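Step one of this worksheet: look at the structure below.
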Amino acid sequence: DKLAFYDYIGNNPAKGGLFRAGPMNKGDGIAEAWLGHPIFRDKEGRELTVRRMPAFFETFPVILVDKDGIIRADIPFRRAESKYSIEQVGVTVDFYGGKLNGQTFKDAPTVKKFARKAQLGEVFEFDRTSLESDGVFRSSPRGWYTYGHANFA
Amino acid sequence: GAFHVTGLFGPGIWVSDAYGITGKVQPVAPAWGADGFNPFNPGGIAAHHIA
Amino acid sequence: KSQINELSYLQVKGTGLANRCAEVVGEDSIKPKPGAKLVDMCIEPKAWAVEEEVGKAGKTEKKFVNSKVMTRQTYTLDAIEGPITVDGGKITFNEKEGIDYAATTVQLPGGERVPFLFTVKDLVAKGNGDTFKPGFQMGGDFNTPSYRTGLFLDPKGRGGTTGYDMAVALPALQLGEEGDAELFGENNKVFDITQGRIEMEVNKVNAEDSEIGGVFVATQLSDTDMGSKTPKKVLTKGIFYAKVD
Amino acid sequence: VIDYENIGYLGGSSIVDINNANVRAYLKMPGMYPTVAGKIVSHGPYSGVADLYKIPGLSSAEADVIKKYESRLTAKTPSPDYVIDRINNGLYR
Amino acid sequence: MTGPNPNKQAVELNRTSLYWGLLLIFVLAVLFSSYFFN
Amino acid sequence: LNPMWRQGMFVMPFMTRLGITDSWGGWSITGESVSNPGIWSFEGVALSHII
Amino acid sequence: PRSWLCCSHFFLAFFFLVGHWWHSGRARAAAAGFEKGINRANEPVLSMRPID
Amino acid sequence: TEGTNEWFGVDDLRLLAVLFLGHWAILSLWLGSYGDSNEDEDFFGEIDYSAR
Amino acid sequence: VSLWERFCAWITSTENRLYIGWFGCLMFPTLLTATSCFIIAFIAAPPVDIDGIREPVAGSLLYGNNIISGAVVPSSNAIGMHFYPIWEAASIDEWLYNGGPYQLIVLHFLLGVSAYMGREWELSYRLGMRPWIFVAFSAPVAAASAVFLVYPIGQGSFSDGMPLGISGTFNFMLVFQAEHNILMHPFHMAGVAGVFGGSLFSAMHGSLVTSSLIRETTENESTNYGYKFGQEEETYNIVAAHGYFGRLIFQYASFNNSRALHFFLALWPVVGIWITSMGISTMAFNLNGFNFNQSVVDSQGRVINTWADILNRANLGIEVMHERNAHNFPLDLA
Amino acid sequence: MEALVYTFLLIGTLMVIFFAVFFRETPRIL
Amino acid sequence: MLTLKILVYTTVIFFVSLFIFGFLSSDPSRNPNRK
Amino acid sequence: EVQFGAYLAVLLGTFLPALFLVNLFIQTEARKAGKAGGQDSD
Amino acid sequence: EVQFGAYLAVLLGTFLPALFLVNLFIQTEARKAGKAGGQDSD
Ligand code: CLA
Ligand code: CLA
Ligand code: CLA
Ligand code: CLA
Ligand SMILES: CC(C)=CCC/C(C)=C/CC/C(C)=C/CC/C(C)=C/CC/C(C)=C/CC/C(C)=C/CC/C(C)=C/CC/C(C)=C/CC/C(C)=C/CC1=CC(=O)C(C)=C(C)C1=O
Ligand SMILES: CCCCCCCCCCCCCCCC(=O)OC[C@H](COP(=O)(O)OC[C@@H](O)CO)OC(=O)CCCCCCCCCCCCCCC
Ligand SMILES: CC1=C(/C=C/C(C)=C/C=C/C(C)=C/C=C/C=C(C)/C=C/C=C(C)/C=C/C2=C(C)CCCC2(C)C)C(C)(C)CCC1
Ligand code: OEX
Ligand SMILES: [Fe+2]
């Protein structure tokens with residue numbers, strides 16, 4: 001669980017803000033368990049990887065990409081002329097490991113919920129009621145030390 | 001007491017009933033007798049500041 | 001009227017006259033023909049009232065407080081067409097086209113702003129007898145559409161038929177098995193159709209000019225912003241005017 | 001709606017909806033835009049492809065291009081927010 | 001303006017009365033804090 | 001069921017005692033609606049003790 | 001050609017308002033004598049009240 | 001009624017008596033000093049320093 | 001002797017604490033009404049339909065804002081360019097809904113600032129000064145009238161006018177970028193050179209005076225106490241600072257004349273802001289900046305991108321997102 | 001509760017502007 | 001609302017008339033040169 | 001759960017009156033150094 | 001929801017440094033009244 005915990009965008013120090021304060025657990029809560037590694041497959045059966053958010057983007061559109069770079073599915077902003085929606089492509093999610101170990105969700109309401117949280121690295125279950133965790137990422141002490149001692153210098 | 005309270009040239013005092021159900025701002029005519037010193041009589045307040 | 005038709009365009013504009021329905025003169029009877037089709041029905045309300053919890057002496061029964069309109073002069077309906085079908089017992093009216101919605105916003109005591117779409121879409125009027133009389137009185141149900149068409153974007157950028165569907169600047173809400181289902185109601189945008197009941201009453205007719213007009217009363221339900229709040233019952237009153245042809 | 005089924009039948013699955021598609025969706029069918037597509041979008045709810053022949057004001061040529069694509073036309077549940085923006089939904093190339 | 005006031009005086013506080021007034025405030029801060037935090 | 005003395009209003013029962021019931025928002029403590037309270041409402045008194 | 005006329009005669013019409021400011025500041029002060037500067041022998045501020 | 005083409009925005013007749021009594025109430029102050037002076041006294045200056 | 005002469009003697013007296021003057025007769029009533037309405041509309045003012053689509057935008061502190069987000073919202077798109085005073089509004093609640101106080105503040109502001117400018121002339125006349133400080137103040141008056149008056153005129157609505165706030169300023173600057181391309185326009189270029197140059201020659205002149213100060217103090221007291229007020233001796237060796245800058249770049253680039261030096265400090269910013277404020281003015285009437293999109297092509301004819309094409313894709317992002325509900329037709333004509 | 005601090009900072013800033021204009025240390029020659 | 005409106009045209013042409021009849025009050029002669 | 005206006009009560013109940021009493025001592029020692037005329041009066 | 005440690009940041013960020021700058025002015029005027037020797041030195 002520790003190795004997948006580093007593969008998470010909320011542990012990146014380049015995601016926090018300046019005038020938000022406190023620990024990183026104020027960000028989304030104390031982590032409890034690893035939900036697992038979702039693997040997305042369409043109705044054809046090929047493997048789709050969710051395009052991951054870079055450190056620049058606060059917002060990022062959910063895009064599902066196969067092995068060669070072709071856009072196969074997404075979550076459309078404009079739902080009218082939609083040509084790559086999850087309802088058309090029929091993407092099913094398969095978890096492996098974690099507490100969702102052998103499970104398969106096939107409908108569009110549930111797959112869209114796991115496609116949004118899979119662009120944020122790994123998938124975790126948090127506890128946001130202990131520290132009143134608001135829902136925006138903070139920075140690590142690696143980020144704060146670099147702030148002071150480079151604005152000092 | 002002559003103008004603000006008695007409603008000659010004023011709105012008057014908030015008065016009410018005995019049990020706090022109805023109440024409204026209205027002019028209060030002064031009570032000059034010994035009933036003016038009943039402090040739950042709003043007319044004694046008008047009679048005081050005039051006298 | 002025909003007195004309004006005397007004027008040119010430059011004399012009407014900026015004067016607030018085009019907002020106001022005509023005044024029909026005199027009273028008599030007029031009979032709707034077999035192919036009779038209503039031509040220039042305009043409806044303008046002169047007073048508004050929103051059902052609230054009123055502060056009486058000791059009790060809190062629901063009563064109508066009135067309200068001041070804040071959208072300026074944009075409340076009147078106009079050009080409403082429709083054929084007048086003759087059922088045997090009661091003359092009926094079904095509207096077809098014309099400007100049959102006028103969005104407006106009234107303000108309550110307390111500072112609350114209540115918008116509501118004022119409309120007569122899909123109106124089925126039914127009134128006693130056949131011929132229009134000064135004692136005639138028709139009414140019926142109309143369907144209120146939602147105040148916003150589904151591609152309206154809220155401040156976060158979420159709509160019913162477009163936009164996002166999650167709190168776009170709160171990216172840590174969709175973490176866990178539960179996701180963002182705590183704020184589910186503010187993500188799902190539901191187009192809502194309610195009912196409204198208008199009651200018109202003809203009292204002054206011209207038959208030499210074939211134009212009627214009288215007092216109505218309309219009740220409907222205000223908007224909810226696609227399930228954002230509980231809508232409130234809105235009563236209104238005014239005068240109308242119609243050309244029976 | 002977050003989770004709306006029949007997103008595909010609107011514009012892009014190449015099997016169009018009747019009572020929910022934009023008039024731009026009938027542009028991909030040669031012959032129907034703008035005249036024959038203009039009558040379908042304008043009138044009220046349909047229950048089948050057989051109700052396309054019930055349109056007031058049809059020719060034999062207007063029924064002809066419907067007869068070609070009647071396999072591609074299909075009718076679904078009218079969700080009332082898509083039924084409003086059938087002439088214009090604010091999409092322009 | 002007008003002239004200078006002949007009632008100008010000076011204010012004094014020796015080092016002794018500083019420590020009284022400091023300790024007066026901190027002990028009242030110790031005493032009344034527990035009630036204010038409730 | 002929620003008067004001004006439940007909401008901890010301290011100086012507000014002293015304005016309504018001598019005859020101020022309306023406010024610029026349109027509400028009233030007597031519950032009757034008002035179109036215009038004029039100058040002397042709750043906001044008019046508060047802003048005039050500042051001036 | 002509307003956008004050329006509304007952006008060039010408008011452009012000039014501000015600078016000629018500046019010409020009203022320059023040429024009348026000088027002409028009102030050339031009539032009074034102090035357009036060349038303050039006299040060192042007679043400064044008008046020194047023969048005034050205390051400053052406050 | 002906003003977009004009416006009425007002089008100085010004078011909608012009602014009452015607003016005229018406001019305008020006339022504003023210009024004249026200060027005009028009469030102005031004539032108390034600069035009025036009733038000689039309208040026939042010239043100068044060959046750029047600027048006149050005649051009187052108060 | 002007369003009452004008017006005893007009033008003209010007071011209102012033009014330089015012996016007052018603040019000189020009032022004849023422009024203060026319409027500076028002070030205008031700017032105190034622009035002030036006293038601004039403080040109330042910034043603190044306590046209900047939300048305002050700005051887009052004319054009956055979506056009221058909150059802008060005051062009591063409706064959950066701060067110093068940064070709170071702003072006096074411009075008037076409605078429904079009003080547009082029409083004059084909307086209080087008496088033409090049928091209630092104050094109808095006035096505050098439709099963007100009332102934006103027109104009351106702005107119109108009493110531009111009268112009071114154009115009277116504050118003439119007041120700077122007037123006191124220069126009564127003090128014996130040469131007159132033209134008020135010509136230097138024409139440069140922010142040109143720029144204040146460009147974003148509050150001229151740009152709502154050419155765009156036909158006060159709703160495109162600048163919001164009186166801090167976050168409303170950056171809503172104004174970004175939407176002005178997408179619709180007019182101000183950065184490529186050479187008049188924003190001529191005033192970035194005006195304030196980068198202006199802050200250069202400020203800190204370049206202020207350093208060479210402070211460098212060449214004459215010994216008049218000790219090392220214990222402050223440097224500034226070697227200037228007694230109203231003294232007639234020169235407080236710095238101007239030959240010293242001329243020989244320094246005469247070696248720092250070269251000899252002939254240095255102003256030995258202190259009058260021509262102190263004129264160039266007034267020329268460069270003020271000319272830079274006159275030119276800039278007539279950039280907003282000529283872009284109020286949709287004469288936009290340069291447009292080099294798809295300008296470089298190969299021999300085949302394919303578009304080769306430039307930096308202007310990357311700048312265009314930033315403008316296309318703001319253009320398709322500003323007033324995201326107000327548009328119905330494919331081209332933002334307004 | 002939050003906006004009460006912002007108002008106190010604003011009118012508190014306008015106080016020290018008032019005292020700086022009218023109670024200024026008036027400079028004097030000699 | 002037509003009572004406020006009366007109050008504004010008083011206040012405007014009060015101060016506008018002080019402006020107009022201020023510069024008609026021999027205003028160029030009010031300089032520190034002479035008189 | 002504590003009242004969050006009590007931090008403002010205590011920490012201003014400490015600092016504002018205690019910083020007041022410091023000021024009356026500093027100007028006391030400045031007047032004594034003011035009259036004394038040596039090295040510190042100025 | 002705001003951070004309740006920001007009231008302590010702002011209201012001590014105002015008062016503690018601003019009450020500091022008042023003290024340097026009061027002892028400045030006390031030294032000037034200290035040397036001057038009339039009615040206020042003591
Ligand atoms: C090099 C200095 C340094 C660094 C890098 C850190 C780093 C950290 N401290 Mg820490 N701390 C420091 C010095 C430092 N501390 C000192 C000197 C003190 C004693 C006062 C503290 C007291 C302290 C406490 C009490 C707590 C921390 C906490 C934290 C953590 C989160 C802080 C945060 O979110 O910042 C918040 C961001 C800011 C404050 C913004 C930075 C400053 C901005 C740029 C404004 C600069 C000042 C401005 C110019 C002046 C305005 C004046 C005006 C108001 C009048 C983080 C690991 C918290 C934590 O998680 O610990 C468990 C915590 O509870 N620290
Ligand atoms: C027409 C004649 C008239 C009428 C009807 C009134 C009517 C009234 N007067 Mg008034 N008055 C009048 C003429 C009149 N006045 C005139 C001509 C004067 C002379 C100027 C006064 C002077 C006067 C005073 C001075 C007082 C009244 C009071 C009252 C009220 C009496 C009822 C009440 O609540 O008292 C309640 C009765 C008392 C409070 C008794 C006071 C005795 C004190 C409290 C004893 C304790 C003192 C001690 C220091 C407290 C600490 C000890 C502790 C251990 C208990 C009533 C409104 C009283 C009032 O306004 O109270 C609301 C009041 O105090 N009147
Ligand atoms: C004295 C300074 C002054 C000035 C210039 C203004 C100016 C204005 N105010 Mg304001 N106001 C002021 C003081 C002032 N106010 C004060 C002190 C208050 C507090 C009571 C207010 C309160 C106030 C409110 C509450 C409102 C205004 C509004 C207005 C605007 C329109 C008012 C109007 O109809 O003007 C009347 C003007 C005229 C009748 C024109 C007079 C011009 C004369 C005639 C000179 C012209 C010379 C002529 C052309 C020569 C012709 C020669 C011939 C031979 C051809 C306008 C910008 C309104 C506004 O801005 O709403 C958006 C509004 O609602 N004001
Ligand atoms: C390196 C970056 C950079 C720099 C240096 C500039 C520089 C400038 N830009 Mg620019 N800009 C940039 C990037 C940059 N830009 C980018 C990236 C964009 C696209 C988003 C823009 C978009 C942009 C727009 C849209 C505008 C500018 C404008 C300006 C000018 C601002 C000067 C100004 O308004 O003062 C002039 C001074 C005033 C306006 C203030 C007048 C104040 C009056 C006189 C008195 C007020 C008194 C006050 C109320 C109370 C006083 C205190 C009280 C206590 C007494 C200046 C030339 C503005 C411009 O062109 O000039 C109008 C403008 O409108 N820029
Ligand atoms: C032999 C071999 C091996 C072969 C190779 C060949 C070879 C040797 C090549 C090398 C040659 C080589 C490149 C050398 C050239 C050296 C060179 C110039 C390099 C630098 C490169 C470079 C880009 C330089 C240009 C930039 C430059 C310095 C520009 C100057 C800008 C400029 C003119 C500014 C003037 C601005 C100005 C008017 C300021 C005055 C206004 C101001 C307010 C000043 C303040 C002020 C001024 C006063 O005046 C006084 C009085 C006072 C009071 C005062 O306040
Ligand atoms: C809204 C604004 C808020 C305003 C608040 C600002 C004012 C707050 C501070 C003022 C009060 C200061 C008191 C100064 C105190 C002061 O300076 O003392 C000195 C003062 C008089 O001293 P003298 O007359 O010797 O003074 C000579 C002068 O040179 C200086 O005062 O004594 C008193 O006034 C009475 C004694 C009180 C002394 C305190 C005795 C109690 C001891 C403490 C008890 C606590 C320990 C308990 C253990 C159980
Ligand atoms: C925080 C808090 C709070 C609050 C409080 C407050 C709000 C306070 C305020 C307070 C205040 C705010 C106070 C004030 C005071 C002041 C004073 C005390 C002043 C004085 C003054 C003077 C000193 C004057 C002077 C002068 C002048 C200026 C001029 C002439 C001369 C003379 C001398 C007159 C509470 C408790 C609620 C709760 C808890 C916490
Ligand atoms: O209002 Mn303000 O922003 Ca000038 O562009 Mn058209 O309009 Mn609306 O859109 Mn884009
Ligand atoms: Fe200089």
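Each chain in the structure tokens gets a letter, A, B, ..., in the order shown, and its residues are numbered from 1; ligands are numbered from 1 in order too.
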Environment of ligand 3 within 8 Å, counting only C-alpha atoms and all ligand atoms, reported as a PyMOL selection string: (chain H and resi 8-10+19) or (chain I and resi 25-30+32-33+83-87+100-108+111) or (chain K and resi 4-5+7-9+11-16)
Chain G: residues DSSP assigns to alpha helix (DSSP H), reported as a PDB file with N, CA and C atoms, in the first residue's frame:
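In the end it all went to out03.pdb:
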ATOM      1  N   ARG G   2     -16.441  53.127 -41.165  1.00  0.00           N
ATOM      2  CA  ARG G   2     -16.881  53.694 -39.907  1.00  0.00           C
ATOM      3  C   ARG G   2     -15.802  53.557 -38.848  1.00  0.00           C
ATOM      4  N   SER G   3     -15.185  52.381 -38.742  1.00  0.00           N
ATOM      5  CA  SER G   3     -14.135  52.182 -37.755  1.00  0.00           C
ATOM      6  C   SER G   3     -12.864  52.944 -38.074  1.00  0.00           C
ATOM      7  N   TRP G   4     -12.685  53.436 -39.285  1.00  0.00           N
ATOM      8  CA  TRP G   4     -11.565  54.331 -39.481  1.00  0.00           C
ATOM      9  C   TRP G   4     -11.901  55.750 -39.097  1.00  0.00           C
ATOM     10  N   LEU G   5     -13.150  56.164 -39.247  1.00  0.00           N
ATOM     11  CA  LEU G   5     -13.503  57.528 -38.895  1.00  0.00           C
ATOM     12  C   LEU G   5     -13.758  57.687 -37.407  1.00  0.00           C
ATOM     13  N   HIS G   9     -10.817  60.463 -36.016  1.00  0.00           N
ATOM     14  CA  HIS G   9     -11.304  61.755 -35.564  1.00  0.00           C
ATOM     15  C   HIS G   9     -11.586  61.743 -34.082  1.00  0.00           C
ATOM     16  N   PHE G  10     -11.914  60.583 -33.529  1.00  0.00           N
ATOM     17  CA  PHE G  10     -11.957  60.461 -32.082  1.00  0.00           C
ATOM     18  C   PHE G  10     -10.560  60.544 -31.497  1.00  0.00           C
ATOM     19  N   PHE G  11      -9.572  59.996 -32.207  1.00  0.00           N
ATOM     20  CA  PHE G  11      -8.187  60.035 -31.745  1.00  0.00           C
ATOM     21  C   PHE G  11      -7.686  61.459 -31.657  1.00  0.00           C
ATOM     22  N   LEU G  12      -7.970  62.257 -32.678  1.00  0.00           N
ATOM     23  CA  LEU G  12      -7.539  63.643 -32.702  1.00  0.00           C
ATOM     24  C   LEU G  12      -8.299  64.472 -31.688  1.00  0.00           C
ATOM     25  N   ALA G  13      -9.604  64.229 -31.549  1.00  0.00           N
ATOM     26  CA  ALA G  13     -10.453  65.031 -30.677  1.00  0.00           C
ATOM     27  C   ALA G  13     -10.099  64.927 -29.211  1.00  0.00           C
ATOM     28  N   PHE G  14      -9.306  63.948 -28.807  1.00  0.00           N
ATOM     29  CA  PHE G  14      -8.763  64.077 -27.473  1.00  0.00           C
ATOM     30  C   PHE G  14      -7.535  64.961 -27.448  1.00  0.00           C
ATOM     31  N   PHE G  15      -6.674  64.885 -28.458  1.00  0.00           N
ATOM     32  CA  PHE G  15      -5.461  65.687 -28.413  1.00  0.00           C
ATOM     33  C   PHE G  15      -5.747  67.159 -28.617  1.00  0.00           C
ATOM     34  N   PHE G  16      -6.839  67.496 -29.274  1.00  0.00           N
ATOM     35  CA  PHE G  16      -7.224  68.891 -29.357  1.00  0.00           C
ATOM     36  C   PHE G  16      -7.893  69.369 -28.087  1.00  0.00           C
ATOM     37  N   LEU G  17      -8.415  68.452 -27.278  1.00  0.00           N
ATOM     38  CA  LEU G  17      -8.804  68.821 -25.930  1.00  0.00           C
ATOM     39  C   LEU G  17      -7.578  69.075 -25.070  1.00  0.00           C
ATOM     40  N   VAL G  18      -6.475  68.389 -25.356  1.00  0.00           N
ATOM     41  CA  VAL G  18      -5.211  68.695 -24.699  1.00  0.00           C
ATOM     42  C   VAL G  18      -4.664  70.016 -25.213  1.00  0.00           C
ATOM     43  N   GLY G  19      -4.962  70.365 -26.459  1.00  0.00           N
ATOM     44  CA  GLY G  19      -4.566  71.669 -26.956  1.00  0.00           C
ATOM     45  C   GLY G  19      -5.323  72.806 -26.308  1.00  0.00           C
ATOM     46  N   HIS G  20      -6.550  72.549 -25.861  1.00  0.00           N
ATOM     47  CA  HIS G  20      -7.265  73.524 -25.049  1.00  0.00           C
ATOM     48  C   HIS G  20      -6.626  73.675 -23.685  1.00  0.00           C
ATOM     49  N   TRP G  21      -5.961  72.643 -23.196  1.00  0.00           N
ATOM     50  CA  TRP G  21      -5.382  72.712 -21.871  1.00  0.00           C
ATOM     51  C   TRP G  21      -4.017  73.351 -21.897  1.00  0.00           C
ATOM     52  N   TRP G  22      -3.218  73.049 -22.909  1.00  0.00           N
ATOM     53  CA  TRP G  22      -1.914  73.676 -23.001  1.00  0.00           C
ATOM     54  C   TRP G  22      -2.055  75.144 -23.327  1.00  0.00           C
ATOM     55  N   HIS G  23      -2.700  75.446 -24.448  1.00  0.00           N
ATOM     56  CA  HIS G  23      -2.678  76.795 -24.985  1.00  0.00           C
ATOM     57  C   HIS G  23      -3.496  77.773 -24.158  1.00  0.00           C
ATOM     58  N   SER G  24      -4.398  77.306 -23.301  1.00  0.00           N
ATOM     59  CA  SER G  24      -5.091  78.216 -22.396  1.00  0.00           C
ATOM     60  C   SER G  24      -4.424  78.342 -21.050  1.00  0.00           C
ATOM     61  N   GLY G  25      -3.654  77.345 -20.642  1.00  0.00           N
ATOM     62  CA  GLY G  25      -2.834  77.523 -19.465  1.00  0.00           C
ATOM     63  C   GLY G  25      -1.757  78.550 -19.706  1.00  0.00           C
ATOM     64  N   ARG G  26      -1.178  78.544 -20.901  1.00  0.00           N
ATOM     65  CA  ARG G  26      -0.140  79.515 -21.193  1.00  0.00           C
ATOM     66  C   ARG G  26      -0.729  80.894 -21.415  1.00  0.00           C
ATOM     67  N   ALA G  27      -1.876  80.974 -22.090  1.00  0.00           N
ATOM     68  CA  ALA G  27      -2.417  82.273 -22.459  1.00  0.00           C
ATOM     69  C   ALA G  27      -2.997  83.001 -21.263  1.00  0.00           C
ATOM     70  N   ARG G  28      -3.575  82.265 -20.319  1.00  0.00           N
ATOM     71  CA  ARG G  28      -4.043  82.895 -19.096  1.00  0.00           C
ATOM     72  C   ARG G  28      -2.869  83.334 -18.231  1.00  0.00           C
ATOM     73  N   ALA G  29      -1.754  82.609 -18.291  1.00  0.00           N
ATOM     74  CA  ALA G  29      -0.591  82.984 -17.494  1.00  0.00           C
ATOM     75  C   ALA G  29       0.303  83.970 -18.231  1.00  0.00           C
ATOM     76  N   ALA G  30       0.240  84.011 -19.561  1.00  0.00           N
ATOM     77  CA  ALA G  30       0.961  85.065 -20.266  1.00  0.00           C
ATOM     78  C   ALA G  30       0.284  86.409 -20.082  1.00  0.00           C
ATOM     79  N   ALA G  31      -1.028  86.405 -19.869  1.00  0.00           N
ATOM     80  CA  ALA G  31      -1.727  87.642 -19.573  1.00  0.00           C
ATOM     81  C   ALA G  31      -1.387  88.157 -18.186  1.00  0.00           C
ATOM     82  N   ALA G  32      -1.036  87.263 -17.272  1.00  0.00           N
ATOM     83  CA  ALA G  32      -0.790  87.637 -15.892  1.00  0.00           C
ATOM     84  C   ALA G  32       0.676  87.869 -15.587  1.00  0.00           C
TER      85      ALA G  32
END
Polymer residues at most 10 Å from segment 25-32 of chain L, only C-alpha atoms, same-chain spacing of 3 or more positions, as a compact mmCIF listing (two decimals) with N, CA and C atoms, in the first residue's frame:
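What ended up in around03.txt:
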# COMPACT_ATOMS: atom_id res chain seq x y z
N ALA E 10 2.77 65.88 32.22
CA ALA E 10 3.48 64.70 31.77
C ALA E 10 2.98 63.48 32.52
N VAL E 11 3.05 62.34 31.86
CA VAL E 11 2.58 61.09 32.42
C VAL E 11 3.80 60.29 32.84
N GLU E 12 3.72 59.66 34.00
CA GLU E 12 4.82 58.87 34.50
C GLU E 12 4.35 57.46 34.83
N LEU E 13 5.27 56.51 34.70
CA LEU E 13 5.07 55.14 35.14
C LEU E 13 6.45 54.56 35.40
N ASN E 14 6.80 54.37 36.67
CA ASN E 14 8.12 53.84 37.00
C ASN E 14 8.19 52.35 36.70
N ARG E 15 9.38 51.77 36.87
CA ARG E 15 9.59 50.36 36.56
C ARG E 15 8.85 49.45 37.53
N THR E 16 8.66 49.91 38.76
CA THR E 16 7.85 49.18 39.73
C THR E 16 6.43 48.99 39.25
N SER E 17 5.78 50.07 38.82
CA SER E 17 4.36 49.98 38.50
C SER E 17 4.12 49.34 37.15
N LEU E 18 5.18 49.14 36.37
CA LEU E 18 5.06 48.33 35.17
C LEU E 18 4.80 46.88 35.52
N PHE L 20 -0.17 48.48 26.19
CA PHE L 20 -0.42 49.83 26.66
C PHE L 20 0.50 50.21 27.81
N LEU L 21 0.67 49.30 28.77
CA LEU L 21 1.45 49.62 29.96
C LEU L 21 2.93 49.69 29.66
N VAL L 22 3.36 49.07 28.57
CA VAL L 22 4.75 49.22 28.14
C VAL L 22 5.01 50.63 27.64
N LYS L 35 15.46 65.06 29.82
CA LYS L 35 15.92 66.17 30.63
C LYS L 35 17.41 66.06 30.92
N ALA L 36 17.93 64.84 31.07
CA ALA L 36 19.29 64.57 31.53
C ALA L 36 20.37 65.15 30.62
N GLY L 37 20.07 65.33 29.34
CA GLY L 37 20.95 66.14 28.51
C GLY L 37 22.22 65.47 28.04
N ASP L 40 21.71 60.98 24.91
CA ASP L 40 20.45 60.33 24.57
C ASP L 40 19.30 61.29 24.40
N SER L 41 19.49 62.58 24.64
CA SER L 41 18.35 63.48 24.64
C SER L 41 17.93 63.83 23.22
N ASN M 23 4.75 53.54 19.72
CA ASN M 23 5.63 53.69 20.88
C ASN M 23 6.88 54.45 20.52
N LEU M 24 7.39 54.22 19.32
CA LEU M 24 8.55 54.96 18.88
C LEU M 24 8.22 56.42 18.63
N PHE M 25 6.95 56.75 18.43
CA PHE M 25 6.60 58.15 18.27
C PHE M 25 6.37 58.84 19.61
N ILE M 26 5.81 58.12 20.58
CA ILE M 26 5.53 58.72 21.87
C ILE M 26 6.82 59.00 22.63
N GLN M 27 7.79 58.09 22.56
CA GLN M 27 9.06 58.37 23.21
C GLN M 27 9.88 59.38 22.43
N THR M 28 9.59 59.57 21.14
CA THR M 28 10.25 60.64 20.40
C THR M 28 9.78 61.99 20.90
N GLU M 29 8.47 62.14 21.10
CA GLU M 29 7.93 63.41 21.56
C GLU M 29 8.22 63.63 23.04
N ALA M 30 8.47 62.56 23.78
CA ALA M 30 8.82 62.72 25.18
C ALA M 30 10.26 63.20 25.34
N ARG M 31 11.16 62.76 24.46
CA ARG M 31 12.53 63.27 24.51
C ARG M 31 12.59 64.72 24.09
N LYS M 32 11.74 65.11 23.14
CA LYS M 32 11.70 66.50 22.73
C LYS M 32 11.08 67.36 23.82
N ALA M 33 10.09 66.82 24.53
CA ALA M 33 9.53 67.53 25.67
C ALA M 33 10.42 67.37 26.89
N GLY M 34 11.31 66.39 26.87
CA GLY M 34 12.22 66.22 27.99
C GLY M 34 13.32 67.25 27.99
N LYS M 35 13.90 67.53 26.83
CA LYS M 35 14.99 68.49 26.76
C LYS M 35 14.48 69.92 26.92
N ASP M 40 6.54 70.28 31.08
CA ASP M 40 6.29 68.90 30.70
C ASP M 40 7.47 67.99 30.92
N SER M 41 8.62 68.50 31.34
CA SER M 41 9.80 67.66 31.40
C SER M 41 9.78 66.76 32.62
N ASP M 42 9.77 67.36 33.81
CA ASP M 42 9.60 66.69 35.11
C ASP M 42 10.64 65.60 35.41
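Among the candidate residues J:30, J:16, J:24, J:2, the one lying nearest to ligand 4 is J:16, with distances computed using only C-alpha atoms and all ligand atoms.
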Please find the residues contacting ligand 4 at a distance of at most 7 Å between atoms, with only C-alpha atoms and all ligand atoms counted, and report them as an MDAnalysis selection string. chainID I and resid 113 139:141 143:144 146:147 172:174 176:177 182:183 188 191:192 194:196 273 276:277 279:280
